[PDB]
Structure formats: C-alpha cells, structure tokens
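Below you'll find the structure, written out as structure tokens, and then a few comments.
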Amino acid sequence: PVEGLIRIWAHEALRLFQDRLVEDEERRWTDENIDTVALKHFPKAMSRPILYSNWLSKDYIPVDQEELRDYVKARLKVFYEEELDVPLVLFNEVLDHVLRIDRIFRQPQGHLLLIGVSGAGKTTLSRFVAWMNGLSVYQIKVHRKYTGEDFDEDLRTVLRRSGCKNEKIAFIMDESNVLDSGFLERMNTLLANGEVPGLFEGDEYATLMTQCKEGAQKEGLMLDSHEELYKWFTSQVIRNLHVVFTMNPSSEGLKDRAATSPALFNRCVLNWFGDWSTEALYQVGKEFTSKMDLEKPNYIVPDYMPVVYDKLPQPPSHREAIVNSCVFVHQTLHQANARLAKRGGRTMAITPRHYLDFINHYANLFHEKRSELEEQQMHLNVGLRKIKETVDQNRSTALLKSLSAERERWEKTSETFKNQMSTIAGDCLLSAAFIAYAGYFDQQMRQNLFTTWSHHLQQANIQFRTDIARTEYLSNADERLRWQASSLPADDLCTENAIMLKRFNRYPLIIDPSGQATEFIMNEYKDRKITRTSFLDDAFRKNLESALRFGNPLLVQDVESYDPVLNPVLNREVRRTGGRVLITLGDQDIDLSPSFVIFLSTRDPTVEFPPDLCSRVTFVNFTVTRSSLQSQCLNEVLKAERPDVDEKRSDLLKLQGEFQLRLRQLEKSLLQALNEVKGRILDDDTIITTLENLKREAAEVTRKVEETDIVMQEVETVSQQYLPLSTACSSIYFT
Amino acid sequence: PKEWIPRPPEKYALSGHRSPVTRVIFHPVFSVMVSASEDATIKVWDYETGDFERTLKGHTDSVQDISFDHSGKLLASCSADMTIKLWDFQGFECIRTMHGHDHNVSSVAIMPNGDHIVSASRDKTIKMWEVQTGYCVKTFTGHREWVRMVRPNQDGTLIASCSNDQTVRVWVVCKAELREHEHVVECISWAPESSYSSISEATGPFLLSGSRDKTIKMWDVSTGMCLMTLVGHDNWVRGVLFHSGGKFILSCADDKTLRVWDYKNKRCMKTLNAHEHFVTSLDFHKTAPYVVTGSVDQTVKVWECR
Amino acid sequence: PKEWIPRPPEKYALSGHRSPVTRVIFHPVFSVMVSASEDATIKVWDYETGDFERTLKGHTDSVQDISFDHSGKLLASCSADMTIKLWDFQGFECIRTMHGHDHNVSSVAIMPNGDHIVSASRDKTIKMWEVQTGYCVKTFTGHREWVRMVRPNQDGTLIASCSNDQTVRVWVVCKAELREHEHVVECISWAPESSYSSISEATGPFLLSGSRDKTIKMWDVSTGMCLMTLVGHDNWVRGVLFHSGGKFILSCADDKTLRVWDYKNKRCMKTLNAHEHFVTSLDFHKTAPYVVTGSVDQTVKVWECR
Ligand SMILES: Nc1ncnc2c1ncn2[C@@H]1O[C@H](COP(=O)(O)OP(=O)(O)O)[C@@H](O)[C@H]1O
C-alpha cells in the first residue's frame, strides 16, 4: 500500500541522515523533521521503532522488536556454540546496529566506518553479524617490529583468497596497525577502486594469474589475456571483499583521517557507533541482574528522585532503584574524570567494560556473601539447638556456664539476621563499585567517590551499613595476615590493592613507582611457581606459551611497550574442543590450563595509555599517602634511635597477631565441634572433655590483654615524642 | 498399564545424604526426582540412572516440604527458618525468598495453574502468595494448631488442610470440617479422576485423610461423610496417594513398611520391607513405572513396579 | 499409495528431553523412534503408543547424530566428546567406542550393508571405520573446515558431504564439488530411486542440498549441474527428505515450519507450524503413515499422515 512506501521512505531517511549524528539533539531534530515532512507531503505510518530485516522472511520485510530479540538470542546461542561463547546481553540499540551492519554487508563494496568508544563491542558485534551472512572474518595481527612488508603479505594472501578462490571476506580492524604511514595509502586506493597497483609485482603476479585461470574456469568464463583476467580479478574483489574500520571518537583523529583519506569518508558508510546511552546502561543492569533476588517488598519510596535515567516508572521497584544507582555510579566516573581534567591531572578512558565488570562483581559478591552468611547462620542454629539440648538434660552445669558467653554471642547474632539480609544488596553494590570504578584514583578522590555514592544511596532510601570498613568487608583476618606476611605495607590503600589483585574480573595493571608491589605479588603467588619477564624481553615470545600451557602465572613489566598479541588473552576468546580449552595468538593456537592468570605492571606512573588497553584492563595504584608514609617514618626513626623499643614493638604486634588468630580458631572449633555430634551432648563424656578443654584454652584472652596493655602503655614513649617530626616530614615529602 | 505395583528389591538405594528425609517428589516432565531434608538441603538425583547431579543450598533450617509447578521450571521449597524459597530448576538459584511466616512452615504447594503458591505453618494460618512478586495477597485462617500439610485440588478452587486439631478443613478460594478422627491428621491427598468410577461402585469431589490414629479414611468433600476406613497400619501414617489409574492406594507409615491397599475390597493387598527405620514419605510417578521412598534412615530407595 | 502427507494436529507431542534435540530417526524394524539430545543422551520412544521406552545414556558431551543398520541391531551415535559409540539396540549397551577425531564429530552413518561407518568432524576430515572392530580404515580429506554432515549413497560406493565452505563434495570410496550456494550448507539427502521417473517430468544419481540461504537445491551427481532450486523457507534450512515414492519433498527450516513441496511444479503446497522454536531435524517413516520432527524446544512431535 501507500503506507508501506512511506515506511521504507522513512527507514531510508533514518538510516542515511541519522546514523552519523553525534548528539541526541541532532537525532531529535532529524526524527521530528521527518515527521513534519511526512505530514506535509502525504496528508501506524510512524510507529516509533522503524525496523526492517530479512531474517523473518525470504525478502526485506518489517519486523517487530520482541521476536527479533528472540531470534537474535537463539542465533547468538548458536554463535556461542560455534565461535567464541562470550556471554552478550541484548539491549535495544544493539538490534539497530546489527541490522545496519547487515544492510551494509548486503550492499556491494559495503565498507563501514564505526565511530565508537573503545570497549563498546564494535568489533565482536560486527563479527557476529558477519558470521550468519556467510561472511568469513579476517582480523589483522600486530607483533613486535611489525613492518609494512608483513601487512603487504597478508593483503596479497587475502586478496588471492577473495579474488580467485571466490569466498566472501570481511576486514574488521582498528587503529592498531593503521598508525604507520605506508598503511593508509593501500586502503585509500582499495576502498576507492578495489584494486591496488604496484602490489602484486614479481612471480606473485604470475602465480595469481595462474590461480585466476582456474578460478575463471570454475566460474565458467574463459579468459586468456592478462589485462582482462586482471579486470575479472578486480571485479571479483568488488563482489566479495568488505572492509570495516573502527575508530575512537577523537576530533583530531577524525580531522587527520579526513585529510589523509577522503575515500575513507566518501566510499565507506558512516555510523556514529558512539558510547552507551543511559537507556543502554539501564537495560544491561536490568537484564544482567534480573535473575538475582534483589526484591524488597517493604521498600519505601523517598519524595525526591535523583534522576539519571529518564522515562523511569513513577513508582520504582527495589531492583529499579538498584539499577538506577548502577547508572549513577557510571555517570559519577564521567564527572570525576571531568574534574580531574579541569584540575590538570591525567584521565583514563571511560568504557562500558568497566560497567560490565562492575555488574559482574555485584552478582559475584552478592552470591558469595549471601551464601557465607546463611551458612554461618545455619551453624548458629545447630549450635543453639545442641546447647538447648544440653540445657534440657555438677560437671554439666560447669560445662553449661563455661559456654555461657559463646551462647550469648551466638543468640545475639541470631536475631539481627533480618537486618543482615536487608543491607546485603547496598553493601555489595558499594563494594563492587569500589572494585571496578576506583581502580585509578588516589585516596582523597576515592573517598570522594565513595562519599558521593553513599549520599546517592541515602537519598534513595537504599539500606546499607556504614559502621563497617571497606577493607574489612571484602577481606577477612586470615588473608590480611597472609598479605602482611607477604611484604605488603600495613595500610588501608595497599589492603585495597591486595583485594584488587585477588578479587578481579579482568587482568590488572600495577602502577608502582618503587617496585615493592612487584615483590609483594611475587611473594603472594610464589607457591604457584611465579615467573617474571617483560614485553621488551626477547624470550617473552617463548615464555608466553610456557606460562599458558602449564598454567604457571606470568608477571610482565614495561607495558608501555605493549604487544597487542595478548588481545585474545585479555578478552578470553577461548574455544572448547571437548575436554580441552584452546586459545589463539595469530601465529599459533595453544591449550590453556583451567588455572592461569597473567600479571601486568607499569613502572612510570605518568604514562598515558591508549584506550585499547584502557578498555580491556583494570588498574591498581600503589601510591603513598599521609598516614602510610608516617608509618615507616615512625618505624625508621624508632629503629634509628631506640633499637630495643622497636624490637619490643615488633614482637608485641606479632604476638598480638597469632593470638588473635588462635582466638578465632578457638571460636570456630567450639562452633563446629558442637555441631558435628548428634549424640545428646550430656550423654557423651569424650565430648565434654574436648568441649570444656577448648573453652579452658580461651583463657589466653587475658594473656592477650596483658601484652595489649604492655603495647598501649609503652607506645607513649614514641608516639608522644616523634608525632610532630613525622607529620612535618610527611608534609615535607608531599611538598 | 494401570496395575504396576511395587515389588522388591529396590531398584536403587541412594544414601548419599548426611541427615533424615522429609519429602520426595518426581519432577513432572524431566526424568528427575528431588528430596528434601532437615540439613537445609535439597538434593537432585536421576531416578532412571541413580547418579548424583547436584545439590541445592540456600535454606538455613530443616526443609519441611517441596512442590513443583505444572510447567516443571518453577520449584518451591519451605523450611523452618520461616522462609519459602522459589528455585529456578533451569538456572538452579533462588529467584526470590519469602518472609512473613511467624513460626515453622510444614508444607507449600504450587497451584496447578502455576501462578500462586499456598503455605501451611505453625501459626494456625494458611497463606497464599503471588509467585512472580512475593506479595502476600491473602491469608486464610480458622485452624487451631499446627497446619501440618495443605494440598490444593486439581483445579485450584478448593484447598484442603490438616492439623494437630484432628479437623481437616476445606474452603473455596469453612465448607466442611472432618473432626471425627481419633488422633492428629498427618497427611491428605485429593483423589484423581481415574478413581471416580472405582469409588462410585466401591460405595464428588472425593478426598483422603491419613492420620496418626493408624487408620486411612476416605471422604466425600461436599457433605463430609467418611466413606470408609482402611485399617492395618501399625504406626503413624505419613503419606497417602492414589495409583495413576485410581485402582489402588499406596501408603506409608512409621511401621517400617510400605503397604498397597485395594480399597475396592477394603483390605491390604501387598506389604514391602520399606526401611529399617520409620518411612517418612512416598510418591507415585504419573506415567513411568517407578516409585520412590525416602526414610528417616539417611537413604532414598527406589522401588521398581511390576 | 505415495500421497499420505503430514497434517495437524500431531499424533503425539513428547516433552521428555531436558535439553534441545539434534536428530530424530525411526528404527528399521520395530515401531520405535530414537532421538539424540544436547544433554549427552539418547532417548528411545514408541511412536505408535507415544510412550517412553528407555534412555541409552553413557556419552559425556552432546550427542549430535545417530544412525542405524538395516538389521536393526547395531546403533551408531556420535557426540562432542571426541568419540563414536556403537551400541547393541537389543541389549541396550555400548558395544564399543572409537576415538581419533581431533575435535567435535557432528555426523555418523552406518552403511546399509552394515560393514563400515563414516564420520565427519570439525577438523575438516572424514574417517571411515570398521563397525565390528572400530579401527579407522580410511580417511578422506580436502575440506577446508568443518564437515557439517556426510551421507553415503544407496550402495555405498559414493559418499557426499556438506561443510561450511559452501562446497558440497562427492567422491568415490574427488568426483565432484558443488559450489554455487550463497551460504553454509546444512543438510543433504540422496534422492531415492523412485524419483527417477518423476524428476524426468520435473526436468544421475540425484542429490539434494539445503543451505543457510533458505534455498534447497537438487543437483545431478554425475555431471554436477545444478538442476533446480526450491525457495520459500523463511530461515536457515536444517533438514530435507523425499517422500516414500519420490513425489514430494519434505523439508525443515528454522522458520518454525515444516514444508511439503511438489518439485515437479517447483512450488510449495503444505506448511506445518511445527514448533514454537527452531526445528532441528525430521524423518519420514519408510512405510507407515507417520513422520517425526525434533526441535530446539525439547519437544519431539510425531505427525499424522493423511
Ligand atoms: N555489550 C557487550 N556485552 C558484553 N561484552 C562486551 C560488550 N561489548 C564488548 N564486550 C566485550 O569486549 C570484547 C570485544 O570487544 P570489541 O568488539 O573488541 O570492542 P572494541 O573494538 O571497542 O575493543 C569481548 O571480549 C566482550 O566480552
């Protein structure tokens, strides 16, 4: 009908004069003026999601979003089974992007330019769309000492594979290899004409003519002249080959590329792939945490809504508020790096993979902490049920009053379990936000970020507990003592850093000026036979597979000489060949141990990083702060002046350590030993000796009080004399 | 095919447990059964092969009973920690947890249409819930004591309940009170359509009542007349259910024995060496020739039917 | 007597699988069907009664394909755990297991003579094994990548196969390559001898090939000339088979529809809304008026022919 012609008219309008716009105001302008001109020239014509596809029929038909989402989800499951198996969530605009790359791959010479923020999936989405369209994907690989001759060899081989072999090929690449001066000319010619002269000279010309002979014979056309066969080769390249370039949204880069490659902006099709809008953030947060039990029936709405995502439900639900906060904690990083740019600091790229790791850490921490808390409450229940049995049934009264304090502590911990279920979600939210977003900030800005997040959550009436330290929640005493025994400085910042280096979703960088963090991370994983190398080391190529196959962790320094060959490792583009896991490196394919992690470290703390590493690696800063410096400032001066007092302080602190550990072990042994017997406690007499032998070993708490008194009374010799010196000297260091 | 009766030996004897059993059921579609326990655990074994698949954790106290939706995706469980947990059997993780019960929950039952769930607890109240949201839509009361078990009819309109008050109460979402029992009523079971013709010549709707008085009594739902009474159990009855064809009744009691009752002839037909310790509960597969019994003996034996 | 065609509603709708379905096939002799699933399992059902018969578990990874000897005793299966398992369909036990494929094996096929078995796998090679010993006797090569499926002709002298290279290859125990598909080729079907007359009206041997283009094509094997192209599927093709008499072609595609085509007129006639999701495989009973379709949706449907 007429209306269908209007639909295709408007679809072409919105896919030619809206795909390359930058700001949302321009898009609103285009859509509204399309509506007005449609009203003017032709008095459900304009259903909001104008959409067209050929995957619900044999030809180009309108489609609806829901069944398209179902189809692409099933086909993406098949894609997982076939190629990569990287869990990808489906939000709204990804469908639009998928249909757009499909449309351009349908067109001959369907070259694409995708202006998108690094980490936004502009490569893997293109691979996914290319896969179902019968389009094999060829990606360039960059190694050390990469020259133009290697790239020319790749171009010769693939042009043979596309011209004479007659198989459809796509070229999804980014700036990585494009940097060199000789690279740009070949693409400026290829995207323009489809043939690149002065490239096939030598015996290569003769052998590709020989191959084109059999190619033309198989196609069915007889050719026996070099020039006409070369024309057929060119026409085949026009038929089969596709090139997709992905660029970061840099104004200077765009101007330079428009200057040095007009055909790249003339022949290719433009798509401002861009960054994820707040709608996309809301959709990802909603759908990735839809399976989690974040529902609170007793949620009360505040009067004032902090609105960072529009079109919210007027009454919001608890999960809706949580995902709203998940959007807020991502816009807060934008605000923070804006402040850091305005003050004159160094800013890192803000990529959606940060948000993805934030949500993954949210789910992981939520699951783990809920499980542990329920397990300990189960222990509490069985212990109370075994003490009440003892009560129902002298040495028995002595044994019942001996466990009186433990019984009181357990009973007091029991009744607050509802409040512990209440504030699990907010605590885990703040924890995950600190894990993901606070990687590359100093102490003061980290505190500022946490304070703003706390203010936002308080404004939203989201329940969380403030009387708990950031390092205390994410780590228990045992691992903290292990870290302190692994040459980690005893301060909150390095505690957080150790939490990053153990509990992470992505492989990290270490920003260490002194190299003490290298010693700490070498001592931590020494049991797994840690080994160290560097990017500039010539044996690193040999060492990579030796680390990967046997699973021994690898430590790599000097990341300012970064080799992109680790790109599959960072993204974990693994495949399962049944009982084995296979990974690719461009040169060779090798197995992976189930347990493997690579450690990356940076020496110079002021190195600006390209967004390719920013989007695929997290950050930790081993900086120095006021109290942190004061610690070794007091230790050094005390050692220099009074060796005896320093030795006494070290011994007292150590003896506090293992004795606190002993107290914890006694509590655990009194809990578990009580539970793991079903024979009425009174009836058992072997039991009474052990369950009153361990309560009697809990009198070392008074010894612990004794050296506690000693340390807090003998510290006045130091802390009341060297405090001003330490304060002035730390101020001196920062000045 | 309406006449396969259990016979020994047990097809499989699964003792991979560290505490007694409370309930056992077959998954409606997939060939798997599940078992509840007092150790705050729900265990998933394949009865067709007898291999261990996984364990479901998350409850903190004794899991009192478990129920399945008609679809076979939504799994419900209740325990003594006041909570009713909804489990995605596909994803194997607690979709949501329920709060509001004042004291211990004995049983829950997903309604056949799979949109609501109803629960029975020690506060002498019956609560019906919205599965998708977790909001308590309504609460039925009138019972005097612990509501030991509640079961809905095949159409969801009528829900029956038993308690320590010895009165089986039924109401339409008190229609009838059945107070003549000599002792606590332990378990109930709606009669299937297959037994309608058999019951008619033996003498709706029609309902059972298993009790701690060592008797099993069949009932008329509308008028509440005790249609008959099976006799012969030596201890407290814990589970009563009909055969798939409605011709037999499979029952268990604490007499360490599983009995098969021909209610047409009003007599016990067959008795099995159920378990060394008391028989907790039973269940009869709708179609396949398998039946299962899990006992307070830390074992979940599967009888084959001939 | 060559014109019974499937029509709705289905004779049976069996939902026992815990996972999607990869193949469905009828036994040559007994009135039973057999299907392989993603859960590393095979299921044997009775299509006449629609009742579950058994499960030949033993595989570790997803069983993708299954094939029978004519005698009905030896059953072949292949799965992604690198292996090919030969089973006694009388004793229901793995007679033997063969290894050697470097990656996932997609398809196997017992030759009609029952002396050897051919297998195709992700490593772009085809291997021919002894049925009674399990020794790799032959290894055809030359595919660039995954051999999606392999089939021998009626006498077994000639073997055809389809891969991701869009090049349906045929060779004697390379004779021909068919390389004018627009996309990956999923399934093939050696045309029956009974079509030799009808195709002569429509226009050897003669070979089918369905592909991700939504295009089924019939081809001359000896000359390699593309003979015709049925189009009309709204998604990827996954299965194609001729009618018993060669008068119609039944095909399955991911359009949630099973199509019945008259290739003489070169047009669709009948369309069956098979399942709510992807249809992965089909089969035609050689004599009985029934067919089978297995879908991603975990449901196997037996379709009544009239
Ligand atoms: N929407 C998304 N959902 C999940 N993962 C994503 C998404 N976008 C990107 N990724 C991650 O990024 C990796 C590939 O990103 P890529 O397409 O190379 O983006 P870029 O080209 O900007 O680096 C994958 O390993 C994937 O895990």
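Identifiers in the structure tokens: chain A, B, ... in order shown; residue index from 1 per chain; ligand index from 1 in order shown.
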As an mmCIF file with N, CA and C atoms, in the first residue's frame, could you give me every residue of chain A near chain B (at most 8 Å apart, counting only C-alpha atoms)?
```cif
data_model
loop_
_atom_site.group_PDB
_atom_site.id
_atom_site.type_symbol
_atom_site.label_atom_id
_atom_site.label_comp_id
_atom_site.auth_asym_id
_atom_site.auth_seq_id
_atom_site.Cartn_x
_atom_site.Cartn_y
_atom_site.Cartn_z
ATOM 1 N N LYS A 291 18.024 -12.122 37.189
ATOM 2 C CA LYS A 291 17.995 -13.412 37.859
ATOM 3 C C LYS A 291 18.243 -13.310 39.357
ATOM 4 N N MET A 292 18.772 -12.188 39.836
ATOM 5 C CA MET A 292 19.137 -12.073 41.238
ATOM 6 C C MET A 292 17.927 -11.656 42.066
ATOM 7 N N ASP A 293 17.943 -12.040 43.341
ATOM 8 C CA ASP A 293 16.802 -11.832 44.236
ATOM 9 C C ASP A 293 16.937 -10.518 45.012
ATOM 10 N N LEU A 294 16.991 -9.422 44.256
ATOM 11 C CA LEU A 294 17.115 -8.086 44.822
ATOM 12 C C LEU A 294 15.766 -7.461 45.167
ATOM 13 N N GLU A 295 14.713 -8.266 45.298
ATOM 14 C CA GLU A 295 13.378 -7.741 45.550
ATOM 15 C C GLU A 295 13.166 -7.522 47.043
ATOM 16 N N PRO A 297 9.949 -6.352 49.318
ATOM 17 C CA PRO A 297 8.549 -5.893 49.352
ATOM 18 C C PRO A 297 8.322 -4.672 50.227
ATOM 19 N N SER A 371 25.645 -16.510 50.539
ATOM 20 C CA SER A 371 25.895 -17.915 50.844
ATOM 21 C C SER A 371 26.637 -18.069 52.166
ATOM 22 N N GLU A 374 24.354 -17.115 55.202
ATOM 23 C CA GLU A 374 23.370 -18.151 55.501
ATOM 24 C C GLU A 374 24.030 -19.388 56.096
ATOM 25 N N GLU A 375 25.223 -19.742 55.615
ATOM 26 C CA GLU A 375 25.912 -20.915 56.146
ATOM 27 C C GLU A 375 26.282 -20.715 57.613
ATOM 28 N N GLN A 377 24.750 -18.723 59.681
ATOM 29 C CA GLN A 377 23.527 -18.735 60.477
ATOM 30 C C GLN A 377 23.014 -20.159 60.668
ATOM 31 N N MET A 378 23.216 -21.033 59.680
ATOM 32 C CA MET A 378 22.884 -22.444 59.865
ATOM 33 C C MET A 378 23.712 -23.042 60.996
ATOM 34 N N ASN A 381 22.230 -21.927 64.219
ATOM 35 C CA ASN A 381 21.011 -22.647 64.576
ATOM 36 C C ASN A 381 21.330 -24.008 65.175
#
```
Per residue of chain B within 12 Å of chain C, what are the shortest atom pair and its distance in Å to one decimal, counting only C-alpha atoms, with rows by chain and residue number, as a Markdown table?
```
| residue | atom | partner | partner_atom | distance |
| --- | --- | --- | --- | --- |
| B:1 | CA | C:51 | CA | 11.1 |
| B:27 | CA | C:16 | CA | 10.8 |
| B:28 | CA | C:16 | CA | 9.7 |
| B:29 | CA | C:16 | CA | 6.0 |
| B:30 | CA | C:16 | CA | 5.6 |
| B:31 | CA | C:16 | CA | 7.1 |
| B:32 | CA | C:18 | CA | 9.6 |
| B:46 | CA | C:57 | CA | 11.6 |
| B:47 | CA | C:55 | CA | 11.8 |
| B:48 | CA | C:55 | CA | 8.2 |
| B:49 | CA | C:57 | CA | 8.5 |
| B:50 | CA | C:57 | CA | 11.9 |
| B:51 | CA | C:57 | CA | 11.3 |
| B:71 | CA | C:15 | CA | 10.9 |
| B:72 | CA | C:18 | CA | 10.4 |
| B:73 | CA | C:18 | CA | 10.9 |
| B:89 | CA | C:18 | CA | 11.0 |
| B:90 | CA | C:18 | CA | 9.4 |
| B:287 | CA | C:51 | CA | 8.8 |
| B:288 | CA | C:52 | CA | 7.9 |
| B:289 | CA | C:52 | CA | 10.5 |
```
Output for the residues just chosen: C-alpha atoms as a JSON list (two decimals), in the first residue's frame:
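Written out: again15.json:
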```json
[["chain", "number", "residue", "atom", "x", "y", "z"],
["B", 1, "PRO", "CA", -0.76, -50.39, 32.38],
["B", 27, "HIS", "CA", 9.79, -33.77, 38.50],
["B", 28, "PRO", "CA", 6.61, -33.52, 36.37],
["B", 29, "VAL", "CA", 8.31, -33.58, 32.95],
["B", 30, "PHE", "CA", 12.03, -34.24, 33.22],
["B", 31, "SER", "CA", 13.02, -37.70, 34.43],
["B", 32, "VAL", "CA", 14.40, -36.50, 37.76],
["B", 46, "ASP", "CA", 18.21, -39.02, 38.38],
["B", 47, "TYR", "CA", 16.00, -41.97, 39.26],
["B", 48, "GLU", "CA", 16.44, -43.53, 35.81],
["B", 49, "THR", "CA", 20.22, -43.82, 36.36],
["B", 50, "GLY", "CA", 20.82, -43.24, 40.08],
["B", 51, "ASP", "CA", 23.75, -40.85, 39.58],
["B", 71, "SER", "CA", 5.49, -26.46, 33.84],
["B", 72, "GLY", "CA", 8.50, -28.07, 35.55],
["B", 73, "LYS", "CA", 10.58, -24.86, 35.70],
["B", 89, "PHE", "CA", 15.17, -25.52, 38.21],
["B", 90, "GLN", "CA", 16.71, -24.37, 34.91],
["B", 287, "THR", "CA", 3.44, -42.35, 33.96],
["B", 288, "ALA", "CA", 6.74, -44.19, 34.43],
["B", 289, "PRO", "CA", 6.84, -47.50, 36.38]]
```
Exercise for the section: Could you give me, as a list in words, every polymer residue with an atom at most 7 Å away from an atom of ligand 1, counting only C-alpha atoms and all ligand atoms? Expected result: residues 86, 87, 88, 89, 116, 117, 118, 119, 120, 121, 122, 123, 124, 125, 246, 353, 356, 571, 572, 573, 612 and 615 of chain A
Please give the complete set of residues from segment 64-236 of chain B that DSSP, run on the backbone, assigns to alpha helix (DSSP H), formatted as a short mmCIF file (atom, residue, chain, number, x, y, z; two decimals) with N, CA and C atoms, in the first residue's frame.
```cif
data_model
loop_
_atom_site.label_atom_id
_atom_site.label_comp_id
_atom_site.auth_asym_id
_atom_site.auth_seq_id
_atom_site.Cartn_x
_atom_site.Cartn_y
_atom_site.Cartn_z
N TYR B 196 -12.77 -42.00 40.17
CA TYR B 196 -14.17 -41.61 40.31
C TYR B 196 -15.11 -42.79 40.05
N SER B 197 -14.91 -43.50 38.94
CA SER B 197 -15.75 -44.65 38.64
C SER B 197 -15.55 -45.76 39.67
N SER B 198 -14.29 -45.99 40.06
CA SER B 198 -14.00 -47.06 41.01
C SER B 198 -14.63 -46.78 42.37
N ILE B 199 -14.56 -45.53 42.83
CA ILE B 199 -15.15 -45.17 44.12
C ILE B 199 -16.67 -45.30 44.06
N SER B 200 -17.26 -44.96 42.91
CA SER B 200 -18.71 -44.98 42.78
C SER B 200 -19.29 -46.37 43.00
N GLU B 201 -18.66 -47.40 42.44
CA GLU B 201 -19.10 -48.77 42.67
C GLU B 201 -18.60 -49.30 44.01
N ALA B 202 -17.50 -48.74 44.52
CA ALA B 202 -16.98 -49.18 45.82
C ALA B 202 -17.96 -48.86 46.94
#
```
For residue 92 of chain A, work out the shell of residues within 9 Å, counting only C-alpha atoms and skipping chain neighbours fewer than 2 positions away, then give it as an mmCIF file with C-alpha atoms, in the first residue's frame.
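Ended up saving to part13.cif:
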```
data_model
loop_
_atom_site.group_PDB
_atom_site.id
_atom_site.type_symbol
_atom_site.label_atom_id
_atom_site.label_comp_id
_atom_site.auth_asym_id
_atom_site.auth_seq_id
_atom_site.Cartn_x
_atom_site.Cartn_y
_atom_site.Cartn_z
ATOM 1 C CA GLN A 65 11.440 -5.922 18.282
ATOM 2 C CA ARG A 69 15.227 -10.205 20.053
ATOM 3 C CA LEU A 90 20.835 -7.802 24.305
ATOM 4 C CA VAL A 94 22.236 -3.348 19.523
ATOM 5 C CA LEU A 95 19.431 -4.641 17.296
ATOM 6 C CA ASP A 96 19.538 -1.403 15.300
ATOM 7 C CA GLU A 279 18.998 3.755 28.368
ATOM 8 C CA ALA A 280 21.503 1.058 27.390
ATOM 9 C CA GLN A 283 18.831 -2.211 30.114
#
```
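Every protein or nucleic acid residue with an atom no more than 10 Å from residue 138 of chain C, counting only C-alpha atoms and leaving out same-chain residues fewer than 6 positions away, appears here: residues 118, 126, 127, 128, 129, 130 and 173 of chain C.
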Q) Can you list, as a ChimeraX atom specification, every protein, DNA or RNA residue that comes within 9 Å of segment 708-718 of chain A when you count only C-alpha atoms, leaving out same-chain residues fewer than 5 positions away? A) /A:634,638,645,648-649,652-653,656,703,723
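What separates atom CA of residue 301 of chain C from atom CA of residue 73 of chain A is a distance of 23.8 Å.
Distances to residue 257 of chain C were evaluated for C:142, C:239, C:210, C:192 using only C-alpha atoms, and the minimum falls at C:239.
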What's around residue 581 of chain A at 10 Å? Count only C-alpha atoms, leave out sequence neighbours fewer than 4 positions away in its own chain, and write the answer as number ranges by chain.
A: 574-577, 590-594
Restricting the output to N, CA, C and O atoms, write the selected residues as a PDB file, in the first residue's frame.
```
ATOM      1  N   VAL A 574      38.188 -17.845  24.022  1.00  0.00           N
ATOM      2  CA  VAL A 574      38.554 -19.251  24.130  1.00  0.00           C
ATOM      3  C   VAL A 574      37.526 -20.096  23.390  1.00  0.00           C
ATOM      4  O   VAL A 574      36.408 -19.657  23.107  1.00  0.00           O
ATOM      5  N   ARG A 575      37.917 -21.329  23.071  1.00  0.00           N
ATOM      6  CA  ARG A 575      37.016 -22.312  22.486  1.00  0.00           C
ATOM      7  C   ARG A 575      37.206 -23.637  23.208  1.00  0.00           C
ATOM      8  O   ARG A 575      38.260 -23.904  23.785  1.00  0.00           O
ATOM      9  N   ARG A 576      36.162 -24.462  23.183  1.00  0.00           N
ATOM     10  CA  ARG A 576      36.149 -25.745  23.876  1.00  0.00           C
ATOM     11  C   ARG A 576      36.125 -26.864  22.846  1.00  0.00           C
ATOM     12  O   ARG A 576      35.108 -27.069  22.173  1.00  0.00           O
ATOM     13  N   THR A 577      37.238 -27.584  22.730  1.00  0.00           N
ATOM     14  CA  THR A 577      37.326 -28.749  21.850  1.00  0.00           C
ATOM     15  C   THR A 577      37.043 -30.024  22.643  1.00  0.00           C
ATOM     16  O   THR A 577      37.836 -30.965  22.681  1.00  0.00           O
ATOM     17  N   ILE A 590      47.109 -22.686  21.013  1.00  0.00           N
ATOM     18  CA  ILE A 590      47.649 -23.460  22.125  1.00  0.00           C
ATOM     19  C   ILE A 590      46.570 -23.709  23.168  1.00  0.00           C
ATOM     20  O   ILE A 590      45.567 -22.997  23.250  1.00  0.00           O
ATOM     21  N   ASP A 591      46.800 -24.735  23.981  1.00  0.00           N
ATOM     22  CA  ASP A 591      45.891 -25.077  25.060  1.00  0.00           C
ATOM     23  C   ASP A 591      46.072 -24.123  26.236  1.00  0.00           C
ATOM     24  O   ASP A 591      47.069 -23.403  26.340  1.00  0.00           O
ATOM     25  N   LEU A 592      45.081 -24.123  27.126  1.00  0.00           N
ATOM     26  CA  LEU A 592      45.109 -23.339  28.354  1.00  0.00           C
ATOM     27  C   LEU A 592      44.834 -24.242  29.543  1.00  0.00           C
ATOM     28  O   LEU A 592      43.958 -25.110  29.486  1.00  0.00           O
ATOM     29  N   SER A 593      45.585 -24.033  30.619  1.00  0.00           N
ATOM     30  CA  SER A 593      45.248 -24.674  31.875  1.00  0.00           C
ATOM     31  C   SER A 593      43.993 -24.019  32.456  1.00  0.00           C
ATOM     32  O   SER A 593      43.758 -22.827  32.241  1.00  0.00           O
ATOM     33  N   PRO A 594      43.158 -24.772  33.184  1.00  0.00           N
ATOM     34  CA  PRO A 594      41.992 -24.128  33.811  1.00  0.00           C
ATOM     35  C   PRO A 594      42.362 -23.032  34.794  1.00  0.00           C
ATOM     36  O   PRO A 594      41.570 -22.103  34.994  1.00  0.00           O
TER      37      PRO A 594
END
```
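You can rank A:325, A:673, A:700, A:628 by their closest distance to residue 730 of chain A using only C-alpha atoms, and at the top of that list sits A:628.
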